[PDB]
Amino acid sequence: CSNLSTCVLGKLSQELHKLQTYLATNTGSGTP
């Protein structure tokens with residue numbers, strides 16, 4: 001990672017990806 005800010009932005013991207021995965025999983029299998 002280039003700096004502390006981009007390292008945090010990378011981690012936040014992975015946290016955002018986790019919530020997106022949760023939404024997709026819950027709609028595709030977690031509820032139906």
# chains A, B, ... in the order shown; residues from 1 in each chain; ligands from 1
call {"tool": "select_by_dssp", "arguments": {"residues": "chain A", "states": "alpha helix (DSSP H)", "output": "list in words"}}
result
residues 4, 5, 6, 7, 8, 9, 10, 11, 12, 13, 14, 15, 16, 17, 18, 19, 20, 21, 22, 23, 24 and 25 of chain A
call {"tool": "decode", "arguments": {"residues": "segment 11-30 of chain A", "atoms": "N, CA, C and O atoms", "output": "short mmCIF file (atom, residue, chain, number, x, y, z; two decimals), in the first residue's frame"}}
result
data_model
loop_
_atom_site.label_atom_id
_atom_site.label_comp_id
_atom_site.auth_asym_id
_atom_site.auth_seq_id
_atom_site.Cartn_x
_atom_site.Cartn_y
_atom_site.Cartn_z
N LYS A 11 -8.59 -1.68 3.39
CA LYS A 11 -9.31 -2.41 4.44
C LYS A 11 -10.80 -2.07 4.36
O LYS A 11 -11.63 -2.97 4.34
N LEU A 12 -11.17 -0.79 4.28
CA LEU A 12 -12.56 -0.36 4.16
C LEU A 12 -13.21 -0.93 2.90
O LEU A 12 -14.39 -1.31 2.90
N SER A 13 -12.45 -1.08 1.79
CA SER A 13 -12.98 -1.71 0.57
C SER A 13 -13.38 -3.13 0.88
O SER A 13 -14.34 -3.63 0.33
N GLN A 14 -12.57 -3.87 1.68
CA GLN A 14 -12.78 -5.30 2.03
C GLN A 14 -14.00 -5.31 2.98
O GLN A 14 -14.87 -6.17 2.80
N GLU A 15 -14.15 -4.33 3.93
CA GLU A 15 -15.32 -4.29 4.83
C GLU A 15 -16.62 -4.03 3.97
O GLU A 15 -17.68 -4.60 4.23
N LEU A 16 -16.53 -3.16 2.93
CA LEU A 16 -17.61 -2.80 2.03
C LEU A 16 -17.96 -4.06 1.23
O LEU A 16 -19.13 -4.42 1.11
N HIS A 17 -16.94 -4.79 0.75
CA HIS A 17 -17.12 -6.04 0.01
C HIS A 17 -17.86 -7.04 0.92
O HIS A 17 -18.86 -7.60 0.48
N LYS A 18 -17.47 -7.19 2.21
CA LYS A 18 -18.16 -8.08 3.16
C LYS A 18 -19.64 -7.72 3.28
O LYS A 18 -20.47 -8.64 3.22
N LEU A 19 -20.02 -6.45 3.46
CA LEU A 19 -21.44 -6.08 3.52
C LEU A 19 -22.16 -6.36 2.19
O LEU A 19 -23.31 -6.79 2.19
N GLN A 20 -21.48 -6.18 1.04
CA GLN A 20 -22.06 -6.48 -0.28
C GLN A 20 -22.30 -8.00 -0.38
O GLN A 20 -23.38 -8.43 -0.78
N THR A 21 -21.34 -8.82 0.06
CA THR A 21 -21.41 -10.29 0.10
C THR A 21 -22.58 -10.71 0.97
O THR A 21 -23.36 -11.58 0.57
N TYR A 22 -22.75 -10.09 2.16
CA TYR A 22 -23.85 -10.36 3.06
C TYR A 22 -25.21 -10.11 2.37
O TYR A 22 -26.07 -10.97 2.43
N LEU A 23 -25.38 -8.94 1.72
CA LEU A 23 -26.60 -8.59 0.98
C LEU A 23 -26.90 -9.63 -0.13
O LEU A 23 -28.00 -10.17 -0.19
N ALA A 24 -25.91 -9.93 -0.98
CA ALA A 24 -26.01 -10.92 -2.05
C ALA A 24 -26.33 -12.34 -1.53
O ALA A 24 -27.19 -13.04 -2.06
N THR A 25 -25.66 -12.77 -0.46
CA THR A 25 -25.89 -14.08 0.18
C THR A 25 -27.28 -14.15 0.78
O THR A 25 -28.00 -15.12 0.57
N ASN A 26 -27.71 -13.11 1.51
CA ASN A 26 -29.02 -13.06 2.16
C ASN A 26 -30.18 -13.09 1.16
O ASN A 26 -31.20 -13.74 1.40
N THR A 27 -30.03 -12.39 0.02
CA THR A 27 -31.03 -12.37 -1.07
C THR A 27 -31.04 -13.68 -1.86
O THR A 27 -32.11 -14.23 -2.07
N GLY A 28 -29.87 -14.22 -2.22
CA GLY A 28 -29.75 -15.46 -3.00
C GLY A 28 -30.01 -16.77 -2.23
O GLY A 28 -30.44 -17.75 -2.83
N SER A 29 -29.76 -16.82 -0.90
CA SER A 29 -29.93 -18.05 -0.09
C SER A 29 -30.35 -17.85 1.37
O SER A 29 -31.18 -18.59 1.86
N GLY A 30 -29.87 -16.80 2.05
CA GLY A 30 -30.14 -16.55 3.47
C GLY A 30 -31.62 -16.31 3.86
O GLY A 30 -31.97 -16.49 5.03
#
